[PDB]
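In: my complex, part one, positions kept as in the full thing:
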Amino acid sequence: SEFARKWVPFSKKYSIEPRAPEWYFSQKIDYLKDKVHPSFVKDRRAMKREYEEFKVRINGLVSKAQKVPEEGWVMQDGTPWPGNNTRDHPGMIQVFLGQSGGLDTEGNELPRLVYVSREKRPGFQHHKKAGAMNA
C-alpha cells in the first residue's frame, strides 16, 4: 500500500500496460512507443528506481520473516501478533487505504484495501478456498 501510494498516479497518468510493476519493467517491448508527454522519461526512471528499492525492502521483510522467533511474532507497535498459532487464531480485519487511508502523490484518493483473516479454531472444518470466498 505504501508503494502503491506513489505507483498508482504514475500508471494512471501515463496509461502504462500492464500495470503490474514487475511485468511492466521486465518487458523487451519498446517502452517509448506511443508516448507524448515531455516529462515521461525522468518519471519512468524515478519509478523504476523506486520499484527497485521497494523490491529490496520486500526481500528484507521476507528474510526477517524467514526465521520463526522462539517467543513468537511481535508487531511493530509492540503487541504480540494475534495469529501466532495458525490453527487457533481469532479473526482480524485491517484497512490500509481508503477514504481516510491517506493521499497519493497527486493528492487524490486510492481504492480501499482490506486485509481479512477468518477465525480458525481446532476441530472445526473450514472448507479451504470455498469457505474463504464465503467469508
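Out: That came through fine. Numbering: from 1, shown residues only, chains lettered A, B, ... in the order given.

In: strands of chain A, start to end?
Out: All strands of chain A, identified by DSSP state E, fall at A:92-95, A:114-117.

In: so for residue A:105, which of those sits nearest?
Out: With C-beta to C-beta as the measure, strand A:92-95 is the member of those nearest residue A:105 (20.7 Å). (Each C-beta comes from the backbone N, C-alpha and C, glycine too.)

In: longest helix anywhere in chain A?
Out: helix A:40-66 (DSSP state H).

In: ok, back up a step: let's have the strands of chain A in JSON lines, adding distance to residue A:63.
Out: Listed next are the strands of chain A as JSON lines, based on distance: least, C-beta to C-beta, whole Å:
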{"stretch": "strand A:92-95", "distance to residue A:63": "23"}
{"stretch": "strand A:114-117", "distance to residue A:63": "22"}
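
In: make a markdown table from the ones you listed and add mean neighbour count to it.
Out: Formatted as a markdown table, the strands of chain A follow (neighbours: other C-beta atoms under 10 Å):
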| stretch | mean neighbour count |
| --- | --- |
| strand A:92-95 | 11 |
| strand A:114-117 | 12 |
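
In: right, and those - which one's nearest residue A:34?
Out: Taking the strands of chain A one by one with C-beta to C-beta, strand A:114-117 is closest: 35.3 Å.

In: that closest one pairs with which strands?
Out: According to DSSP bridges, strand A:114-117 forms sheet pairs with strand A:92-95 (antiparallel).

In: distance from the chain centre to the strand it pairs with, please.
Out: Strand A:92-95 has its C-alpha centroid displaced from the chain centroid by 14 Å (C-alpha atoms, centre = their mean, to the nearest Å).

In: gap between the nearest residue to residue A:115 once chain neighbours are set aside and residue A:82?
Out: Spatial nearest neighbour of residue A:115, chain neighbours left out: residue A:94 (4.7 Å); criterion: C-beta to C-beta, 6 or more residues apart in numbering. When distance is defined by C-beta to C-beta, to the nearest Å, residue A:94 is 11 Å away from residue A:82.

In: show me where chain A has its helices.
Out: Ranges of helices in chain A, per DSSP H, are A:4-14, A:21-24, A:40-66, A:129-134.

In: list the buried ones in the third one?
Out: By that I understand helix A:40-66. For helix A:40-66, burial by neighbour count (16 or more other C-beta atoms under 10 Å) applies to A:40, A:44, A:47, A:51, A:54.

In: tell me the one of those nearest residue A:31?
Out: Nearest to residue A:31 among the buried residues of helix A:40-66, with distances taken as C-beta to C-beta, is residue A:44, at 7.1 Å.

In: so what's that closest one up against?
Out: Neighbour list for residue A:44: A:10, A:14, A:31 [criterion: C-beta atoms under 8 Å, 6 or more residues apart in numbering].

In: hmm, back to that, can I get the buried residues of helix A:40-66 in CSV with distance to residue A:2?
Out: Below are the buried residues of helix A:40-66 laid out as CSV (distance: C-beta to C-beta, whole Å):
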residue, distance to residue A:2
A:40, 24
A:44, 20
A:47, 15
A:51, 13
A:54, 8
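
In: among those, which two are most distant?
Out: Farthest apart among the buried residues of helix A:40-66 by C-beta to C-beta are A:40 and A:54. That separation is 20.4 Å.

In: here's chain B, add it to the model above:
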Amino acid sequence: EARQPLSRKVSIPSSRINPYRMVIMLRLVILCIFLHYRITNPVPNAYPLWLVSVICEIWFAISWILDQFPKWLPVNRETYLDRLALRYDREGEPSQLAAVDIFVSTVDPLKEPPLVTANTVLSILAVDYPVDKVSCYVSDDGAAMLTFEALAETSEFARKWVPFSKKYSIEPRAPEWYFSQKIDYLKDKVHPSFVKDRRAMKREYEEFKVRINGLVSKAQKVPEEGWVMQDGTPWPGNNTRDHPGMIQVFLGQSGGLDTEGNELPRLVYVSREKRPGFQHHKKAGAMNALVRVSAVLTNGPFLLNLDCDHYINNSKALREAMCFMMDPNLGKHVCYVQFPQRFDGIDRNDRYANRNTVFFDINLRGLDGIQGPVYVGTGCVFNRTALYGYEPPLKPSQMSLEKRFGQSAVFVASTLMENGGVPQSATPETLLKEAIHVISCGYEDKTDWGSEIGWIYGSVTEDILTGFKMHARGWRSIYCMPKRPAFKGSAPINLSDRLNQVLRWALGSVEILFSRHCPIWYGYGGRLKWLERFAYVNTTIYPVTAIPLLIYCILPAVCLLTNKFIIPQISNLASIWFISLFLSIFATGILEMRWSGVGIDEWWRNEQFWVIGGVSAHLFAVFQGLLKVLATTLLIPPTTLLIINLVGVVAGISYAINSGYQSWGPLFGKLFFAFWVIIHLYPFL
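Out: Next up, chain B placed on what we already have:
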C-alpha cells in the same frame, strides 16, 4: 613523387579464377557434347514429348551461356584513404575536397515512419566530411506538414547529436541503430569523459524520440479547417494534388551553431509544385527537381542518392567515393560509384533470400571488371557532367543549352562552372526565387530532362535505364566494396512485399525489352563494350526464360501420367555424359563458391529462388507485359504446379503396383526427375 594512385584495381589472383575459367570451358564443351547427343537418338517414334524437351534444353543452354559469359574478369578495388587525405585534406590548411550534395527521397510520412527519415538525416549530417563541402536535400513528394515538423525537430536534435558523434567517432552515427546494439560500447574508448556524455546523449535521444512520437500523434488526425503553421499562417501544402513549391533551409551558414560553436552541414527541405492533370514521373521527376535545386543553390560536383530507409553505416563513405571520383587519371572517365546494398535485421536462415549476396558479390563483381556495375538506386554517387548528358573525354551554343536544359538562365550558367559552387554577388533572396522557379511543375517542357539527361522517365524501375544510357556514351562506373558497409537498410518483413518487388523488377525488365532503350539495338556503333552489352541483354531479357521453365516444370507430371520418359532407352554411352555433366555443374558451383565466399547455403537458396521466381513472378510479369504491348495470385500457379507434381508422384507408384517387373528402372528415373523438380520447388509453396 606524388603520383601514387588513390585507388588500385586488384585482379583476382591466378589460383582461383583460372580453375574457374577452365571449369567453365569444360562445362561449355560438355554442354555441347550432351546437346549433340540429345539431338540424336530420339525417343521412340510418334512421341511429341521429346521435341519440347530438347527445345527447352536448347533454350536453357543458350540462357546459361548468355549468363555465364559476363563473368570472365572479376576484379576488386582497394582504396587509399591516407593518400587522399595527404593530397587534399591537409591539416592547418583549408580543405580541397570536392563538395557533395546528398539527396534523400521520401513520399508519405504515414507509410514511411518519420523516425526512420530522421535517423537517416542524422546519419547523413554526421558524415566524416568537411561541413562546408556537404549539403543535404530532402525531397518530400507528399508535401506533408508532419515531414516538415519532423525535419525541424531533427535539425534541432542534430545541433547536439553531431558534435558527440564527431568527437567520439561512434559507428554507426544513426542514433537508433547505435543505441540498440548489443556490441560492447566501451571498446576502443580512451576519452575519460565518455561515459557521462554517452548517458546524457542517450537520455536526450529518448526525449527526442518522445517528441517525435508526440508530433506524429498530433499529425495523425487531419483537422477539418486544414493544417496551420506554428506561425499561424495556413500550411501551403494543404492539398497534395494542388500545392505550390516550397523550399526551406534549416541549418547552414546562418542556421546556427552546435554545442561546440562550430557550423553544421546545410539542410534543405524542398517540395516540388504539384498541379492537377500534370504528370510528375514520381521518383525520377523528384530526383531531377532535386538536381536542379541543388545546382541553383550549392552546385556540388557530386550527388549521393539515398532513400528514407537507408542510413550511412560507415562515416567514411564519402572519402571512399572521392578516392575514385577525385583521381586525376581515373575521375575524368567515371560516371558513378555504386556501393553494395546491405540490409540489417535479415533472418539468419533468410527464407526470402533478402540478402541477395550472389548478385552483389558475383554479378556486380564480374560487371566491374568490364565497364562497371549497374545502377541499382540507393547508395550511389553520381558525377554532374555525366548526369548532364556530356560525353566522357576521349582517351588517346546558347540556344542548344537552353533547349537541352531549360529556360532558367541561372541553371544554365551554373552548368558551365567547372569547379562547381555558386558565383559571388548572388543574393540569397534571389537564389531562393530562382530555386522556386526551377522547381515549378511546368518547367521540363521542350527539354531533354527525363529522356536524354538526368533520371530517364518511364514506368520502369528506372535505375537500370539511367545507368545504361550513361554507359552507352562510353562512361565508366566504379564498384566500391569497403570492409564496413557504407549504407544499410531494412529488408521486407513479409513475403508479399518481396514478391511484389520481384514482380515490379520483372515488369520493368520486360518493359525495357519492348522499348527504344533495349540493349539489343540501342547504342549500336557507340562506345559501349560488347561484353557490357551482353550483360545488359542478360539482365534485360531474363524473365522471358520463365516461359520454357514452366513448360519444363510441367514435363515430369505428364511424363509420369503418360508413362513415357523424356530421354530414350538408357545407354552407357549416354550415362557417362549425363553423370559427367552433373559433376561439371557441381564443380563449377563449388568453384564459384570458393572464389567469392558466398557459401553453399546462399548459392542453393539463390538457385531455388531463381526457380521459384521464374515459375511464380516472372511468368505473371511476362504475361502482363505481353498484354500491355499487345493492348495472392502470384503464388497460385507454382503451388498448383507443385501439387500437380505431388499428385503425379502418387500416380507413378500406382503404375508400379500394376506392372511389377517395371517398378524399377524407368519409373525410378521418373521419380528422380520429379524429386529434382519438387526439391527445386521446396522453398515456400
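
In: check the buried residues of helix A:40-66 one more time with chain B there.
Out: A:40-41, A:44, A:47, A:51, A:54 (16 or more other C-beta atoms under 10 Å in any protein chain shown).

In: before we move on, back to that, what separates the longest helix of chain A from the chain centre, distance-wise?
Out: Put simply, helix A:40-66 sits 12 Å off its chain's centre (C-alpha atoms, centre = their mean).

In: run a quick neighbour tally on whichever residue of chain A sits closest to chain B.
Out: Per C-beta to the nearest C-beta, residue A:36 is where chain A lies closest to chain B, at 4.0 Å. Per other C-beta atoms under 10 Å in any protein chain shown, the neighbour tally for residue A:36 reads 14.

In: also residue A:33?
Out: Under the neighbour criterion other C-beta under 10 Å, residue A:33 is assigned a count of 8.

In: how far away is it from residue B:175?
Out: From residue A:33 to residue B:175 the distance is 16 Å (C-beta to C-beta).

In: how about residue A:9, what does it touch?
Out: By C-beta atoms under 8 Å, 6 or more residues apart in numbering or on different chains, the residues touching residue A:9 are A:104-106, A:108.

In: close to chain B: what parts of chain A are there?
Out: By C-beta under 8 Å from any C-beta of the partner chain, the residues of chain A that approach chain B are A:32-38, A:40-41.

In: tell me the two of those that are most distant?
Out: With C-beta to C-beta as the measure, no two of these lie farther apart than A:33 and A:38, at 16.0 Å.

In: and residue A:118, how many residues sit next to it?
Out: Using other C-beta under 10 Å, residue A:118 has 14 neighbouring residues.

In: ok, now which ones touch the nearest residue to residue A:37 once chain neighbours are set aside?
Out: In space, and not counting its chain neighbours, residue A:37 is closest to residue A:14: 6.6 Å by C-beta to C-beta, 6 or more residues apart in numbering or on different chains. Residue A:14 makes contacts with A:35, A:37, A:40, A:43-44, as judged by C-beta under 8 Å, 6+ apart.

In: from what I can see residue A:4 touches residue A:102, true?
Out: No - in this structure, residue A:4 is not within contact of residue A:102 by C-beta atoms under 8 Å, at 10.5 Å.

In: these two: who's more crowded?
Out: The neighbour comparison of residue A:4 against residue A:102 (other C-beta under 10 Å) goes to residue A:4, with 17 against 13.

In: if I pick the more buried one, what's in contact with it?
Out: Counting by C-beta under 8 Å, 6+ apart, residue A:4 touches A:97, A:110.

In: could you redo the last one with a cut-off of 7 Å?
Out: residue A:110 (C-beta atoms under 7 Å, 6 or more residues apart in numbering or on different chains).

In: cool, residue A:80 as well?
Out: By C-beta under 7 Å, 6+ apart, the neighbours of residue A:80 are A:72, A:74.

In: who does it bridge with?
Out: residue A:74.

In: separate out the buried members of the contacts of residue A:9.
Out: Going by neighbour count (16+ other C-beta under 10 Å), those have residue A:104 buried.

In: count of residues packed around residue A:72?
Out: 10.

In: just give the nearest non-adjacent residue to it, would you?
Out: Nearest residue to residue A:72, sequence neighbours excluded (C-beta to C-beta, 6+ apart): residue A:84, at 4.7 Å.

In: so the one you found makes contact with residue A:74?
Out: No - counting by C-beta atoms under 7 Å, residue A:74 is not a contact partner of residue A:84; they are 9.5 Å apart.
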